[PDB]
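Engineer: Once you've had a glance at the structure underneath, I'll fire off some questions.
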Ligand SMILES: [Mg+2]
Ligand SMILES: [Mg+2]
Ligand SMILES: [Mg+2]
């Protein structure tokens, strides 16, 4: 009749209100974190189960076009306004 | 050796939903289609060939994935990604009154590994001159300045730009021409008084 | 003005397909999409599925071997926009000169023999080497034990060796930081060598260098495996490490608690009460338990005991807590929860409990966490057997058609259970069709 | 009976940028076989009606390209074998279509395009006067 | 006498499939085109690149599946993806068919820099339309 | 291997033209304009003719990409007239049919 989440716990660790304010993502990537990403993603990913699911994976990967089609996709011409050409 | 299993057509239900079988565009699979369909020119005394092992039913672009039952289901889910057209802009005349500039752009889709079409960089900007603030002198100069781009019957000004590689650069260039042609029609320069009686439009 | 411009709607470029993907569900009579729809190529048994699918997977590796073997035959590009995921890759070092910049290329290309040979030449050349690069080189060598990874083509016992390059380079390090000790301890525990890891931790404490989150994760497993003391002595050591963790102000992650519960499975009786204490601590800290966390809890309380009074209380509280939740992957062992949850339902013989487990699996994308093929077959093996007698044959047949053969191929014993259900339900007219499907 | 409960998860973030209004959208599909274009028009019209677009469909006149090649591989220039490429046309006009509705309609149309046809879109976007023209500057 | 893509009459003992039993002047009258793409439309460019790629697949698929190919391929080009439809005899074991399907899909996709779809329909023998 | 030695020569000729395409264009601009002094134009003629012979656009020859037939080649498909019929009569080209009217 007693919930497993209610009762005595370990009080050694204080309850932390917030996480780290500035994560160190812009630094040298630890090898184990990259390995953790591989292990977490590989289990999650499964072989394609439907035609639609194969499209969305391809679209993210870049195999397929980004509909609706714009013929200038991926070519910004060095980000130059019309003045550098006129 | 290995044998051939019976086709799934036998196990297909009478009232099963078709679009679940074909979610995307797929070629005509004879085992996956319960419909007995025959095509091909018949023999002198015979019937057209069956749906198994027939190439004529494979060349055709099938529309099994766009059945009307599936179309309503497909479109209704897409209705979330939409916003209504303002009701006040019902008549086309009011559209001109509240929006006097229309811009024409083109996008091209073709089968291949590349999307780059050099004909997609064109931008056509059309402006009705009656909606601007041109004076009697300024309007006459603008017509004499822009040349053949102005139609005397419909009073529409068409500016077409092709030099910029991208449609966004052409659009910025096209609007640049419109604004510089208006700020220049109001500068009554000194030499403008040297008008000849044969150059008068009226 | 009498016109109001409506605000635009912004969506990602792949969300439009997912809207259409929602309308279409799985097909009952269709073979898995990975395999061809042709009858001659449709798999006929669970044995064929492993043979067929791995044959196709070997095809991709076979082709990619050719692509990487002869890069010059695939350098032509006619793709617009560019697709960087189709260009051939390179494994040989693009720079054959002896320099620090070229050394980093071999480190990042999963090359160990090339990196160690080049590093020795760099040291003999007299040029200085950055500490982070030295640490990065150690991590590559420590993880594989100074060996090469698994490539396409060129258990018992301690894999860690005393005469190893990892210890040799570590001693040669002029400056050693906290990370250098942290990565060395984790490798030792991973390679079933916790005796050296615990000794290094004592040296780490003498250096007054704080340990990161992952270091305490390995230490807790290390302390239990090193010695064979009683639970009370082990528990004191476990609590001792946690007190040291607070002193350095280190917040444990989700995996820190999961490995504790997994190791507590050995103490099938004495660890029942301490396991609940750790679970409540996770809620207080803020780390939401994943599927793997509940997986170790149910198995610890589930033993070969006739009453199962404690286990019933465990599962009932969990399922209500997990009800109506979508779970994201957060642990390498998250895939083993669904198979283990069905094991509990097999003994308890609770059809209603199984539906809550199965209902959770079908919510959102939680179905991707079922596990491997044999785990999927086993998960549906226990679940389908429960559907035979616990429910009316009219609904059991509907689940029989939907689950088989679209999801899994039935086992011989599973067919026996189906036959028993028909006999009890006083229906023998379906027997000829069962044999045909058999 | 067993179905995946609530397998839908798209998000539509409504930002603050005003939507783009298109005065009229023109779609011109070109292909080799009339039957494919006849079916494609029905698919486009049915989807357009459900979204509430009030489209109009007309058939532009077709054009035929012809050329002549020699028959044999040596001499015999009095015998020719001719060939012909037929491009059939079909135009679907869209009027009073917002930018947000334009994006979904086009991409839904484009993804279901048959292999034997292609299309061109002419979008007549409308907008107010430029800032320099609107704001009085001599 | 015309001889383009024709099979000559020889008694009544030689089987002929539907594709080979019709003269070339019957194209777009009784039989369709084995390949469909945008390149040969009225105002569309990039028609030579499609043609050479089409011929290569006629030579690659014929050589990848020796003897077990029934008749000509059907190539459909939608968006940037390439679909290849084939008729294959029941010659190789299913393990080899999936190996070649996996091998063909990866090699062509990394060669033409476009996704490739390979759909197979298996028949017991060559389909006979006339004679026999 | 290209189908013939003649085809190989054309590839070298096209490759050489591409390298000197921009350099030829800049120099050829001086010659084709009458506002520059005649003395400068004579010097330009010497330099433009000092470039390698193969780097000339007019020397490029359009052949068939399959059989390398120097003439009888349709520019759209870049194929010889014999090969084009061979592909078209089998139905292997989309939208190409025997003309009847
Ligand atoms: Mg020769
Ligand atoms: Mg001259
Ligand atoms: Mg010439």
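Ideal geometry is used to build each Cβ from the backbone, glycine not excepted, and the neighbour counts take in all protein chains shown. All of the numbers you see were taken from the coordinates with simple rules; none came from a lab.
Engineer: In segment C:294-312, which residues are farther than 14 Å from residue A:3 by Cα and surrounded by fewer than 16 Cβ atoms within 10 Å (Cβ to Cβ)?
Structural biologist: Hits for segment C:294-312 are C:303, C:304, C:305, C:306, C:307.
Engineer: Moving to a separate point now. At negative phi, more than 14 Å from every other protein chain (Cβ to nearest Cβ), surrounded by 14 or more Cβ atoms within 10 Å (Cβ to Cβ) and within 16 Å of ligand 3 (Cβ to nearest atom): does that describe residue F:24?
Structural biologist: Values: at negative phi: yes; more than 14 Å from every other protein chain (Cβ to nearest Cβ): yes; surrounded by 14 or more Cβ atoms within 10 Å (Cβ to Cβ): yes; within 16 Å of ligand 3 (Cβ to nearest atom): no.
Here the answer is no, as residue F:24 does not meet what is asked.
Engineer: Follow-up. Residue B:125: buried (at least 18 other Cβ atoms within 10 Å of the Cβ) and either over 30 Å from residue D:49 (Cβ atoms) or within 10 Å of chain C (Cβ to nearest Cβ) (or both), yes or no? Give the steps one after another, and end with the answer.
Structural biologist: Working: buried (at least 18 other Cβ atoms within 10 Å of the Cβ): yes; either over 30 Å from residue D:49 (Cβ atoms) or within 10 Å of chain C (Cβ to nearest Cβ) (or both): yes.
Here the answer is yes, as residue B:125 does meet what is asked.
Engineer: Here's something else I'd like to know. Residue under question is residue C:38, and the condition is that it be at the interface with chain E (Cβ under 8 Å from one of its Cβ atoms), in contact with a strand residue (DSSP E or B) (Cβ under 6 Å, 6 or more places away or on another chain) and more than 20 Å from residue C:410 (Cα to Cα); does it hold? Write out each step before concluding.
Structural biologist: Details: at the interface with chain E (Cβ under 8 Å from one of its Cβ atoms): yes; in contact with a strand residue (DSSP E or B) (Cβ under 6 Å, 6 or more places away or on another chain): yes; more than 20 Å from residue C:410 (Cα to Cα): yes.
It is true that residue C:38 is at the interface with chain E (Cβ under 8 Å from one of its Cβ atoms), in contact with a strand residue (DSSP E or B) (Cβ under 6 Å, 6 or more places away or on another chain) and more than 20 Å from residue C:410 (Cα to Cα).
Engineer: I would also like to ask the following. Please name all residue pairs, on different chains or six or more residues apart, with Cβ atoms under 9 Å, provided the first residue is in segment E:111-124 and is more than 7 Å from chain C (Cβ to nearest Cβ) and the second residue is part of a strand (DSSP E or B) and surrounded by fewer than 18 Cβ atoms within 10 Å (Cβ to Cβ).
Structural biologist: Cβ pairs passing all conditions: E:123/E:89; E:124/E:89.
Engineer: Something else now. For segment D:86-113, name all the residues that are within 12 Å of the chain's Cα centre (by Cα) and more than 14 Å from chain A (Cβ to nearest Cβ).
Structural biologist: Across segment D:86-113, the qualifying residues are D:89, D:90, D:91, D:92, D:93.
Engineer: So which residues in segment F:88-101 are at the interface with another protein chain (Cβ under 7 Å from one of its Cβ atoms) and either crowded, with 20+ Cβ neighbours inside 10 Å or closer than 14 Å to residue D:67 by Cα (or both), if there are any at all? If you could, list the steps in order and put the result at the bottom.
Structural biologist: At the first step, the residues of segment F:88-101 found to be at the interface with another protein chain (Cβ under 7 Å from one of its Cβ atoms) are F:88-99.
F:88, F:89, F:91, F:92, F:93, F:94, F:95, F:96, F:97, F:98, F:99 - these are the residues of segment F:88-101 that are at the interface with another protein chain (Cβ under 7 Å from one of its Cβ atoms) and either crowded, with 20+ Cβ neighbours inside 10 Å or closer than 14 Å to residue D:67 by Cα (or both).
Engineer: Let me ask something else about it. Is it true that some residue in segment D:44-64 is in contact with a helix residue (DSSP H, G or I) (Cβ under 7 Å, 6 or more places away or on another chain), surrounded by fewer than 18 Cβ atoms within 10 Å (Cβ to Cβ) and within 30 Å of residue C:368 (Cβ to Cβ)?
Structural biologist: No, segment D:44-64 contains no residue that is in contact with a helix residue (DSSP H, G or I) (Cβ under 7 Å, 6 or more places away or on another chain), surrounded by fewer than 18 Cβ atoms within 10 Å (Cβ to Cβ) and within 30 Å of residue C:368 (Cβ to Cβ).
Engineer: In segment C:364-438, which helices (runs of 4 or more DSSP H) lie fully inside it and hold 3 or more residues that are buried (at least 16 other Cβ atoms within 10 Å of the Cβ)?
Structural biologist: Working: elements: C:373-389, C:393-403, C:412-424, C:431-437.
Because the criterion is at least 3 residues that are buried (at least 16 other Cβ atoms within 10 Å of the Cβ), the helices (runs of 4 or more DSSP H) in segment C:364-438 that meet it are C:373-389, C:393-403, C:412-424.
Engineer: For segment C:158-177, how many residues meet the condition of being surrounded by fewer than 16 Cβ atoms within 10 Å (Cβ to Cβ) and assigned to a helix (DSSP H, G or I)?
Structural biologist: Initially, segment C:158-177 is screened for residues surrounded by fewer than 16 Cβ atoms within 10 Å (Cβ to Cβ), giving C:158-159, C:161-163, C:168, C:171-175, C:177.
Subsequent filtering for residues that are assigned to a helix (DSSP H, G or I) retains C:168, C:171-172.
Counting residues in segment C:158-177 that are surrounded by fewer than 16 Cβ atoms within 10 Å (Cβ to Cβ) and assigned to a helix (DSSP H, G or I) gives 3.
Engineer: Take the residues in segment F:27-42 that are loosely packed, with under 14 Cβ neighbours inside 10 Å and not in a loop (DSSP other than H, G, I, E, B), then tell me which one is farthest from ligand 3 (Cβ to nearest atom). Give the steps one after another, and end with the answer.
Structural biologist: Let us first name the residues in segment F:27-42 that are loosely packed, with under 14 Cβ neighbours inside 10 Å, namely F:28-29, F:32-40, F:42.
Cutting the leftovers down to not in a loop (DSSP other than H, G, I, E, B) gives us F:28-29, F:38-40, F:42.
On the way: F:28: 18, F:29: 23, F:38: 31, F:39: 33, F:40: 30, F:42: 28 Å.
Out of the qualifying residues, it is F:39.
Engineer: When you check residue C:20 against the structure, is it crowded, with 19+ Cβ neighbours inside 10 Å and away from chain E (no Cβ under 14 Å), yes or no? Please lay out each step first, then the result.
Structural biologist: Details: crowded, with 19+ Cβ neighbours inside 10 Å: yes; away from chain E (no Cβ under 14 Å): yes.
Here the answer is yes, as residue C:20 does meet what is asked.
Engineer: Where residues in segment F:92-101 are assigned to a loop (DSSP other than H, G, I, E, B) and closer than 25 Å to residue D:76 by Cα, which of them is nearest to ligand 3 (Cβ to nearest atom)? Give the steps one after another, and end with the answer.
Structural biologist: The first filter runs over segment F:92-101 and keeps only residues assigned to a loop (DSSP other than H, G, I, E, B), leaving F:92-96, F:99-101.
If we keep only those that are closer than 25 Å to residue D:76 by Cα as well, we get F:96, F:99-101.
Numbers: F:96: 27, F:99: 29, F:100: 35, F:101: 34 Å.
So the residue we want is F:96.
Engineer: Can you list the helices (runs of 4 or more DSSP H) lying wholly within segment B:1-108 that have 3 or more residues being within 14 Å of chain A (Cβ to nearest Cβ) and within 37 Å of the chain's Cα centre (by Cα)?
Structural biologist: On the way: elements: B:56-59, B:68-78, B:92-98.
Qualifying helices (runs of 4 or more DSSP H): B:68-78.
Engineer: Which is touching a helix residue (DSSP H, G or I) at 6+ places or on another chain (Cβ under 6 Å) and exposed (fewer than 11 other Cβ atoms within 10 Å of the Cβ), of C:146, C:152? Quick ask: steps written out before the conclusion?
Structural biologist: Details: C:146 fails: exposed (fewer than 11 other Cβ atoms within 10 Å of the Cβ).
From the options C:146, C:152, the qualifying one is C:152.
Engineer: Further question on the same structure: Residues being within 7 Å of another protein chain (Cβ to nearest Cβ) and buried (at least 16 other Cβ atoms within 10 Å of the Cβ): count how many of those fall in segment C:45-59.
Structural biologist: Selection size over segment C:45-59: 5.
Engineer: Assess whether residue A:67 counts as being crowded, with 17+ Cβ neighbours inside 10 Å, in a loop (DSSP other than H, G, I, E, B) and at the interface with chain C (Cβ under 9 Å from one of its Cβ atoms).
Structural biologist: Numbers: crowded, with 17+ Cβ neighbours inside 10 Å: yes; in a loop (DSSP other than H, G, I, E, B): yes; at the interface with chain C (Cβ under 9 Å from one of its Cβ atoms): yes.
It is true that residue A:67 is crowded, with 17+ Cβ neighbours inside 10 Å, in a loop (DSSP other than H, G, I, E, B) and at the interface with chain C (Cβ under 9 Å from one of its Cβ atoms).
Engineer: In segment F:49-86, what count of residues is obtained for those that are away from chain E (no Cβ under 14 Å), under 28 Å from residue F:23 (Cα atoms) and either within 14 Å of ligand 3 (Cβ to nearest atom) or surrounded by 15 or more Cβ atoms within 10 Å (Cβ to Cβ) (or both)?
Structural biologist: The qualifying residues number 8.
Engineer: Between C:289, C:307, which is out of contact with any helix residue (DSSP H, G or I) (no Cβ under 9 Å at 6 or more places or on another chain) and either within 12 Å of another protein chain (Cβ to nearest Cβ) or over 30 Å from residue C:50 (Cα atoms) (or both)?
Structural biologist: C:307
Engineer: Something else about it: Which of (1) more than 7 Å from chain C (Cβ to nearest Cβ); (2) not in a loop (DSSP other than H, G, I, E, B) is the odd one out, the single condition residue A:56 does not satisfy?
Structural biologist: (1)
Engineer: I would also like to ask the following. How many of the residues making up segment E:82-98 are crowded, with 20+ Cβ neighbours inside 10 Å and either in contact with a helix residue (DSSP H, G or I) (Cβ under 6 Å, 6 or more places away or on another chain) or closer than 13 Å to residue E:53 by Cα (or both)?
Structural biologist: Restricting attention to segment E:82-98, the residues satisfying the condition of being crowded, with 20+ Cβ neighbours inside 10 Å are E:82, E:84-88, E:94, E:97-98.
From what's left, either in contact with a helix residue (DSSP H, G or I) (Cβ under 6 Å, 6 or more places away or on another chain) or closer than 13 Å to residue E:53 by Cα (or both): E:82, E:84-85, E:98.
Residues meeting the conditions: 4.
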